[PDB]
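The file work.tsv comes next; it holds TSV, C-alpha atoms.
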```tsv
chain	number	residue	atom	x	y	z
A	331	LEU	CA	104.38	85.70	125.61
A	332	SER	CA	100.63	85.05	125.32
A	333	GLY	CA	100.83	82.60	122.41
A	334	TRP	CA	97.93	84.33	120.63
A	335	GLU	CA	98.03	86.91	117.85
A	336	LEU	CA	97.98	90.44	119.28
A	337	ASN	CA	96.37	93.27	117.32
A	338	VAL	CA	96.78	97.00	117.99
A	339	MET	CA	95.76	99.00	114.91
A	340	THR	CA	93.23	101.70	115.79
A	341	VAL	CA	94.43	105.07	117.10
A	342	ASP	CA	91.37	107.24	117.83
A	343	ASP	CA	88.26	105.54	116.41
A	344	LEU	CA	87.28	102.03	117.53
A	345	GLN	CA	89.78	102.58	120.35
A	346	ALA	CA	87.77	100.71	122.98
A	347	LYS	CA	87.25	97.89	120.42
A	348	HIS	CA	84.50	96.37	122.61
A	349	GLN	CA	81.98	99.20	122.96
A	350	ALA	CA	82.56	101.05	119.68
A	351	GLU	CA	82.08	97.80	117.73
A	352	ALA	CA	78.95	96.83	119.68
A	353	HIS	CA	76.49	99.36	118.23
A	354	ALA	CA	78.20	99.97	114.85
A	355	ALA	CA	77.18	97.18	112.47
A	356	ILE	CA	74.73	98.87	110.06
A	357	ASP	CA	76.72	97.57	107.09
A	358	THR	CA	75.99	93.98	108.15
A	359	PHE	CA	72.21	94.16	108.67
A	360	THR	CA	71.67	96.73	105.93
A	361	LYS	CA	68.73	94.58	104.74
A	362	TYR	CA	67.61	92.55	107.77
A	363	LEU	CA	63.97	93.48	108.47
A	364	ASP	CA	62.97	93.78	104.82
A	365	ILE	CA	59.25	93.32	105.57
A	366	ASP	CA	58.87	96.67	107.35
A	367	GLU	CA	61.27	99.10	108.99
A	368	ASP	CA	59.24	99.73	112.17
A	369	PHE	CA	59.72	96.21	113.56
A	370	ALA	CA	62.96	95.93	115.57
A	371	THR	CA	66.75	96.30	115.42
A	372	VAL	CA	69.66	93.93	115.93
A	373	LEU	CA	70.66	93.43	119.56
A	374	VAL	CA	73.92	93.76	121.47
A	375	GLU	CA	73.27	91.04	124.09
A	376	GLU	CA	73.45	88.17	121.60
A	377	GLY	CA	75.48	90.38	119.26
A	378	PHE	CA	74.16	89.48	115.79
A	379	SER	CA	77.70	90.14	114.54
A	380	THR	CA	78.93	86.56	114.00
A	381	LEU	CA	76.81	85.42	111.01
A	382	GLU	CA	78.80	82.16	110.82
A	383	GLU	CA	77.85	80.11	113.89
A	384	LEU	CA	74.51	81.95	114.17
A	385	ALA	CA	73.04	80.12	111.16
A	386	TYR	CA	71.97	77.22	113.40
A	387	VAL	CA	70.51	78.25	116.76
A	388	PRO	CA	67.48	76.72	118.55
A	389	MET	CA	64.36	78.72	119.37
A	390	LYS	CA	65.09	78.50	123.12
A	391	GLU	CA	66.77	81.93	123.28
A	392	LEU	CA	65.06	83.90	120.47
A	393	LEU	CA	61.87	84.69	122.43
A	394	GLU	CA	63.33	87.78	124.14
A	395	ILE	CA	62.97	89.73	120.85
A	396	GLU	CA	59.60	91.44	120.53
A	397	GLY	CA	57.67	91.11	117.28
A	398	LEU	CA	58.73	87.62	116.17
A	399	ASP	CA	56.54	86.53	113.26
A	400	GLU	CA	57.27	84.06	110.48
A	401	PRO	CA	58.30	86.78	107.97
A	402	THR	CA	60.82	87.94	110.58
A	403	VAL	CA	62.41	84.50	110.87
A	404	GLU	CA	62.27	84.01	107.09
A	405	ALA	CA	64.05	87.33	106.55
A	406	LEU	CA	66.57	86.28	109.21
A	407	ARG	CA	67.22	83.04	107.30
A	408	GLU	CA	67.50	84.91	103.98
A	409	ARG	CA	69.97	87.38	105.49
A	410	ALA	CA	71.95	84.49	106.98
A	411	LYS	CA	72.15	82.96	103.50
A	412	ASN	CA	73.25	86.29	102.02
A	413	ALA	CA	75.85	86.61	104.78
A	414	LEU	CA	77.10	83.10	104.00
A	415	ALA	CA	77.41	84.14	100.35
A	416	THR	CA	79.29	87.36	101.08
A	417	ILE	CA	81.54	85.59	103.60
A	418	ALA	CA	82.42	82.93	101.02
A	419	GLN	CA	83.15	85.75	98.56
A	420	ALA	CA	85.39	87.55	101.06
A	421	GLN	CA	87.20	84.26	101.74
A	422	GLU	CA	87.75	83.35	98.08
A	423	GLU	CA	89.05	86.90	97.60
A	424	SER	CA	91.33	86.97	100.67
A	425	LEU	CA	92.85	83.47	100.54
A	426	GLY	CA	94.10	83.81	96.95
A	427	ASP	CA	96.44	86.81	97.09
A	428	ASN	CA	97.55	86.21	93.48
A	429	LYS	CA	95.19	87.98	91.02
A	430	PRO	CA	96.81	87.13	87.66
A	431	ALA	CA	95.94	90.18	85.57
A	432	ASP	CA	95.71	90.31	81.77
A	433	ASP	CA	99.43	91.11	81.48
A	434	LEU	CA	100.20	87.84	83.27
A	435	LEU	CA	98.06	85.57	81.07
A	436	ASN	CA	99.27	87.26	77.85
A	437	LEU	CA	102.59	85.39	78.04
A	438	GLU	CA	102.89	82.69	75.39
A	439	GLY	CA	102.88	79.17	76.81
A	440	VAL	CA	101.15	79.65	80.20
A	441	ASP	CA	97.59	78.59	81.00
A	442	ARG	CA	95.64	79.37	84.18
A	443	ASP	CA	97.57	76.72	86.13
A	444	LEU	CA	101.06	77.96	85.25
A	445	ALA	CA	99.97	81.57	85.77
A	446	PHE	CA	98.59	80.77	89.23
A	447	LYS	CA	101.76	78.86	90.12
A	448	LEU	CA	104.10	81.65	89.02
A	449	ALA	CA	101.95	84.18	90.89
A	450	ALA	CA	102.09	82.06	94.05
A	451	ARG	CA	105.87	81.72	93.67
A	452	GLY	CA	106.21	85.39	94.61
A	453	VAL	CA	106.12	87.42	91.38
A	454	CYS	CA	103.05	89.10	89.90
A	455	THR	CA	104.30	91.98	87.70
A	456	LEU	CA	105.83	91.74	84.24
A	457	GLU	CA	108.96	93.85	84.82
A	458	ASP	CA	110.03	91.79	87.86
A	459	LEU	CA	110.58	88.45	86.08
A	460	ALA	CA	114.03	89.26	84.66
A	461	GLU	CA	115.54	89.18	88.17
A	462	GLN	CA	114.36	85.59	88.81
A	463	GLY	CA	116.89	82.90	87.97
A	464	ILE	CA	116.34	79.40	86.63
A	465	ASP	CA	116.51	77.71	90.04
A	466	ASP	CA	114.35	80.49	91.51
A	467	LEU	CA	111.51	79.55	89.14
A	468	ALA	CA	112.09	75.81	89.63
A	469	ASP	CA	110.11	73.20	91.60
A	470	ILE	CA	106.92	74.19	89.75
A	471	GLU	CA	104.10	71.65	89.46
A	472	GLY	CA	104.06	71.01	85.71
A	473	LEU	CA	107.09	72.93	84.47
A	474	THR	CA	110.35	71.48	83.18
A	475	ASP	CA	113.63	73.23	83.95
A	476	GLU	CA	114.28	73.69	80.23
A	477	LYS	CA	110.77	75.05	79.64
A	478	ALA	CA	111.11	77.38	82.63
A	479	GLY	CA	114.43	78.61	81.26
A	480	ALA	CA	112.93	79.17	77.81
A	481	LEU	CA	110.02	81.11	79.30
A	482	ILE	CA	112.54	83.22	81.23
A	483	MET	CA	114.39	83.95	77.97
A	484	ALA	CA	111.09	84.93	76.34
A	485	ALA	CA	110.20	87.23	79.24
A	486	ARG	CA	113.60	88.93	79.23
A	487	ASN	CA	113.34	89.36	75.45
A	488	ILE	CA	109.87	90.94	75.48
A	489	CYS	CA	110.66	93.18	78.48
A	490	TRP	CA	114.42	93.84	78.67
A	491	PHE	CA	115.96	92.87	75.32
A	492	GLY	CA	113.01	94.41	73.46
A	493	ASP	CA	113.52	97.85	75.05
A	494	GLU	CA	109.85	98.81	75.06
A	495	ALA	CA	107.34	100.18	77.56
```

Render the structure in this file as structure tokens.
Amino acid sequence: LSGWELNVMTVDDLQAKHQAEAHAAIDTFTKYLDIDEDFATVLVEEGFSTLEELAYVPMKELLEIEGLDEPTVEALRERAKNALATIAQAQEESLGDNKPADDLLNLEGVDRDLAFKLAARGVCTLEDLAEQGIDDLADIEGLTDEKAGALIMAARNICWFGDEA
């Protein structure tokens, strides 16, 4: 009805979602004023909670913060770089919901590419391959139907026909 993604998750904490998140960000600026601790704190007016579009901001609006020396701005830039790094890490961890473990790369005949493709197909655990047919594991970038069938036979032999755990 609104066209935008609605989110209702919290039940008792972070219930307001606008005031409880305003003054609770100590995990973000855990090392912000690394020169000395008795300098300042992050503000709520600007927010200091974005760390993505805040990397580039002119000096027209940063005067309202008392105690603005060049170590302060250098520590701000260093923390922005560290935030960029941790955000890129969180992205590269969240986008790829595959995680091919050691049991997935131990199959004979699959490199990183085939492992990633079979993990993106929808299966990621060894015991759940026997219930995937030949056409189910088809349309793979770099996998012949005969080779896919043979790998399915090998999987069902090592897991089901082998009778081991």

(message) Which residues are near segment 372-385 of chain A? Cut-off 10 Å, all atoms listed in the file, ignore same chain within fewer than 6 positions. Put them as a PyMOL selection string.
(response) chain A and resi 349+351-356+358-359+362-363+391-392+395+406-407+409-414+417

Now that the selection is made, can you save its residues with C-alpha atoms as a PDB file, keeping the file's coordinate frame?
```
ATOM      1  CA  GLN A 349      81.980  99.200 122.960  1.00  0.00           C
ATOM      2  CA  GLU A 351      82.080  97.800 117.730  1.00  0.00           C
ATOM      3  CA  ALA A 352      78.950  96.830 119.680  1.00  0.00           C
ATOM      4  CA  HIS A 353      76.490  99.360 118.230  1.00  0.00           C
ATOM      5  CA  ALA A 354      78.200  99.970 114.850  1.00  0.00           C
ATOM      6  CA  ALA A 355      77.180  97.180 112.470  1.00  0.00           C
ATOM      7  CA  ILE A 356      74.730  98.870 110.060  1.00  0.00           C
ATOM      8  CA  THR A 358      75.990  93.980 108.150  1.00  0.00           C
ATOM      9  CA  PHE A 359      72.210  94.160 108.670  1.00  0.00           C
ATOM     10  CA  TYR A 362      67.610  92.550 107.770  1.00  0.00           C
ATOM     11  CA  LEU A 363      63.970  93.480 108.470  1.00  0.00           C
ATOM     12  CA  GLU A 391      66.770  81.930 123.280  1.00  0.00           C
ATOM     13  CA  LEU A 392      65.060  83.900 120.470  1.00  0.00           C
ATOM     14  CA  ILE A 395      62.970  89.730 120.850  1.00  0.00           C
ATOM     15  CA  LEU A 406      66.570  86.280 109.210  1.00  0.00           C
ATOM     16  CA  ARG A 407      67.220  83.040 107.300  1.00  0.00           C
ATOM     17  CA  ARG A 409      69.970  87.380 105.490  1.00  0.00           C
ATOM     18  CA  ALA A 410      71.950  84.490 106.980  1.00  0.00           C
ATOM     19  CA  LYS A 411      72.150  82.960 103.500  1.00  0.00           C
ATOM     20  CA  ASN A 412      73.250  86.290 102.020  1.00  0.00           C
ATOM     21  CA  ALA A 413      75.850  86.610 104.780  1.00  0.00           C
ATOM     22  CA  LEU A 414      77.100  83.100 104.000  1.00  0.00           C
ATOM     23  CA  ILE A 417      81.540  85.590 103.600  1.00  0.00           C
TER      24      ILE A 417
END
```

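The coordinates place atom CA of residue 426 of chain A at 26.2 Å from atom CA of residue 479 of chain A.
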
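Between atom CA of residue 434 of chain A and atom CA of residue 463 of chain A lies a distance of 18.0 Å.
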
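Atom pair atom CA of residue 367 of chain A / atom CA of residue 398 of chain A has a distance of 13.8 Å (rounded to one decimal).
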
Axis-aligned box for all listed atoms of segment 343-359 of chain A, 3 Å per side, centre and edges in Å to one decimal, as JSON:
```
{"center_x": 81.0, "center_y": 99.8, "center_z": 115.0, "size_x": 23.6, "size_y": 17.6, "size_z": 21.9}
```

(request) Find, counting only C-alpha atoms, the residue in A:450, A:490, A:445, A:402 that gets nearest to residue 428 of chain A. (result) A:450

(message) Which residues are close to residue 476 of chain A, i.e. within 9 Å by only C-alpha atoms, leaving aside same-chain residues fewer than 4 positions away? Reply as a PyMOL selection string.
(response) chain A and resi 464+480-481

(request) Please provide as JSON, numbers by chain all residues within 10 Å of residue 495 of chain A, with the sequence filter that same-chain residues fewer than 6 positions apart are discarded (counting all atoms listed in the file). (result) {"A": [457, 488, 489]}

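Comparing A:454, A:473, A:405, A:350 by their smallest distance to residue 440 of chain A, the closest is A:473 (using only C-alpha atoms).
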